[PDB]
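Okay, so here's the structure we're looking at.
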Amino acid sequence: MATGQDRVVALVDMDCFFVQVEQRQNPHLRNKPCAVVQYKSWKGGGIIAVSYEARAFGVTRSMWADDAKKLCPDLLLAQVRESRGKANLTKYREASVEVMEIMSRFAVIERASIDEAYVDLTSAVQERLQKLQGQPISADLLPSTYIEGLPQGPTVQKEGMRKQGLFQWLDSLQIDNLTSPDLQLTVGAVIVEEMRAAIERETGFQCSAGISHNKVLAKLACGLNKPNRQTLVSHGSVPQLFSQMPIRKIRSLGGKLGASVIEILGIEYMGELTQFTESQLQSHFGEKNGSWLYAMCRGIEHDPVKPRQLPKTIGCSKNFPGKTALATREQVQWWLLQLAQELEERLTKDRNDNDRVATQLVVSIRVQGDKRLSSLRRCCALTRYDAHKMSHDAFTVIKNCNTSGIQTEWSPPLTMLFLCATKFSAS
DNA sequence: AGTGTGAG
DNA sequence: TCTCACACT
Ligand SMILES: Nc1ccn([C@H]2C[C@H](O)[C@@H](COP(=O)(O)NP(=O)(O)OP(=O)(O)O)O2)c(=O)n1
Ligand SMILES: [Mn+2]
């Protein structure tokens, strides 16, 4: 049987990233219930990032800041920079590149979102083991590490138990077996302590991190002791960890597919999947998903961490909901121009920084009365980083979905507009 | 090429 | 009352 202990993978995840980005810049928000918001007027603005101090009051993402203040009257607020009538995120993107560059010193990273990356440390863990000759690993090398499932067997303060668990782990490590997977997880955990130290001292940002054998475990582990902590999930921890883990908490099972794992099969927790055969799971979810599910519930995944530190697409979008929808040709032309303009800005910066040019532009629009995020999506060529050409071209390739017989109106009204650069080529 | 899913 | 990765057809 193949064990899934072949690689060492980590998932680093910035803590309340936007909140942190504003908190480094405005010291007045430090160590304070605090949230980041976009578009100030409707209900104070929508909250997309919450200080941990603020979360103790109930404040969550996707809350109207006015409601947020009903839970947390001293909630402090930063607002996302607006430009061209639109939210602009350049500060967090640039903040992100700060972090990704420091991470890259240690291994190749797969940028996963603006604020989290997977790491393959399999080989860096190798090298460290040789240089370790054979000497053990003192717990002083893992000041923020938690070992999931420990302590076991025969202190009530949160970090007090963290030390006893970390002691049990080390106390049973076969330091001499260079091929021992648990040993390599330990060595990985040591590296990311360093990696995390370097991020904090060189940017001021704190994050969390999971260390395990694939990306799904690393991601689930990283959540286990947020914030400013890092968790090691061993192959051995999985049966217990998964015995009560709701299926929806495993990455890619949060949506409809995980919903049908529950009702079809009639279970609640990841561990309950081991009683099914692969052919059984393939019967229900296709041959890729059953294969993926039969392994995953035993803690096995092979989705590699790809070498990809830059986004694969540069994209701009704005919604125009309610009666703010767009019912005029000139109105439609003006927001495309705005969007194309930010696009042109960001594109030019890309071409200079990463020696690459986008060759294909995707324009997409939603109409009031539809209910899927995209009503429509059609592509067109992108030959010049020129805001006027692109906005012109984007029109042409959507003009004909104006149902209204009169020229200067747009029926039905547009409630979403989207420009996106893609199909990159080295430059 | 064009849609839907999942996620931050 | 945004963003961007990916699988499928
Ligand atoms: N639905 C979402 C999720 C995230 N974001 C943005 C703002 C978030 O600070 C940033 C990363 O979000 P996140 O990783 O889901 N959790 P965020 O760093 O607030 O804090 P933690 O929950 O990781 O502590 O993406 C967003 O704009 N809309
Ligand atoms: Mn985060």
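Take the first sequence: its letters are residues 1 to 154, 160 to 432, numbered as in the entry's author numbering. Ideal Cβ positions, reconstructed from N, Cα and C, are used throughout, including at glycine.
* **Extent of the continuous alpha helix (DSSP H) run through residue 205** => First-last of the alpha helix (DSSP H) with residue 205: 186-208.
* **Spatial neighbours of residue 279 in its chain, beta-carbon cut-off 7 Å, leaving aside the 5 residues before and after** => If we look at residue 279 and ignore the five residues flanking it on each side, its Cβ neighbours are 302 and 303.
* What residue from 48, 4 and 205 has the CA that sits closest to residue 63's CA? -> 48
* Among all residues, which have a Cβ less than 5 Å from at least one non-hydrogen atom of ligand 1, and in what chain order do they fall? -> By the rule of a C-beta closer than 5 Å to any heavy atom of ligand 1, the residues picked out are 15, 16, 17, 18, 48, 49 and 115.
* Asked: CB-CB under 7 Å to residue 182, same chain, minus the five flanking residues each way: which ones, in chain order?
  -> 188
* **Member of 133, 404, 425 and 316 whose CA lies at the smallest distance from the CA of residue 358** => 316
* Based on the DSSP secondary-structure assignment, which residues constitute the bridge partners of residue 251? -> 274
* **For residue 424 and residue 348, believed in contact at Cβ under 8 Å, the rounded distance** => 5 Å
* Using 7 Å as the cut-off, classify the Cβ of residue 13 as near or not near the heavy atoms of ligand 2, replying yes or no. => For ligand 2, a non-hydrogen atom lies closer than 7 Å to the CB of residue 13.
* Asked: Does the distance from the C-beta atom of residue 266 to that of residue 235 stay below 8 Å?
  -> No, these two residues do not count as a Cβ contact at 8 Å.
* Bridge partner(s) assigned by DSSP for residue 13 -> 116 and 213
* Asked: Count the other CB atoms within 10 Å of the CB of residue 204; is the residue buried (16 or more) or exposed (fewer)?
  -> buried
* Taking all protein chains shown into account, decide if residue 269 is buried (16 or more other Cβ within 10 angstroms of its Cβ) or exposed. => exposed
* **8 Å Cβ cutoff met for residue 363 and residue 419** => no
* Would you tell me roughly how many angstroms separate the C-alpha atoms of residue 44 and residue 21, rounded to the nearest one? => 20 Å
* Does the beta-carbon of residue 217 have 16 or more other beta-carbons within 10 angstroms, so that it is buried, or is it exposed? -> buried
* In chain order, each beta strand (DSSP E) run of at least 3 residues that lies wholly inside the region 52-76 -> none
* To do: Tell me whether residue 27 is buried or exposed, calling it buried when 16 or more other Cβ atoms sit within 10 Å of its Cβ.
  => Per the 10 Å Cβ criterion, exposed.
* Asked: In chain order, what residues of the same chain lie with their CB nearer than 8 Å to the CB of residue 102, ignoring the 5 residues before and after it?
  -> 200, 203, 204, 207 and 208
* **Classification of residue 411 by the beta-carbon crowding that lies within 10 angstroms, buried from 16 upward** => Flag for residue 411 reads exposed.
* To do: Report yes if the C-beta distance between residue 51 and residue 19 is below 8 Å; otherwise report no.
  => yes
* Buried versus exposed call for residue 174 [16 or more other C-beta atoms within 10 Å across all chains shown] -> Buried is the call here.
* To do: Could you name the residues of the same chain whose beta carbon sits closer than 6 Å to that of residue 413, not counting the 5 residues immediately before and after it, in chain order?
  => Answer for residue 413: 334, listed in chain order.
* Asked: Distance, Cα to Cα, residue 58 vs residue 402?
  -> The straight-line gap separating the alpha-carbon atoms of residue 58 and residue 402 is approximately 45 Å.
* Asked: Of the residues 106, 15, 164 and 161, which one's Cα is nearest the Cα of residue 114?
  -> 15
* How should residue 392 be labelled, buried or exposed, when 16 other C-beta atoms within 10 angstroms of its C-beta is the threshold for buried? -> buried
* Pick from 380, 389 and 75 that is closest to residue 365, judged by C-alpha positions -> 389
* **Where residue 127 falls, given that 16 or more other Cβ within 10 Å makes a residue buried** => With fewer than 16 other beta carbons inside 10 angstroms of its own, residue 127 counts as exposed.
* Asked: Quick one: complete alpha helix (DSSP H) runs, 4+ long, within the region 363-405?
  -> Fully enclosed alpha helix (DSSP H) runs of 4 or longer: 392-401.
* On the premise that residue 306 lies in contact with residue 219, defined as a C-beta separation below 8 Å, what is that separation, rounded to the nearest angstrom? -> 4 Å
* **Classification of residue 283 by the beta-carbon crowding that lies within 10 angstroms, buried from 16 upward** => exposed
* the region 63-72 contacting the region 82-89, beta-carbon criterion three pairs below 8 Å -> Flag = no, the region 63-72 and the region 82-89 do not touch.
* To do: Compare the C-alpha of residue 166 against each of 177, 180, 146 and 179 and name the closest.
  => 146
* **residue 314: first and last residue of the uninterrupted alpha helix (DSSP H) it sits in** => Note, residue 314: premise wrong, no alpha helix (DSSP H); not H, not E.
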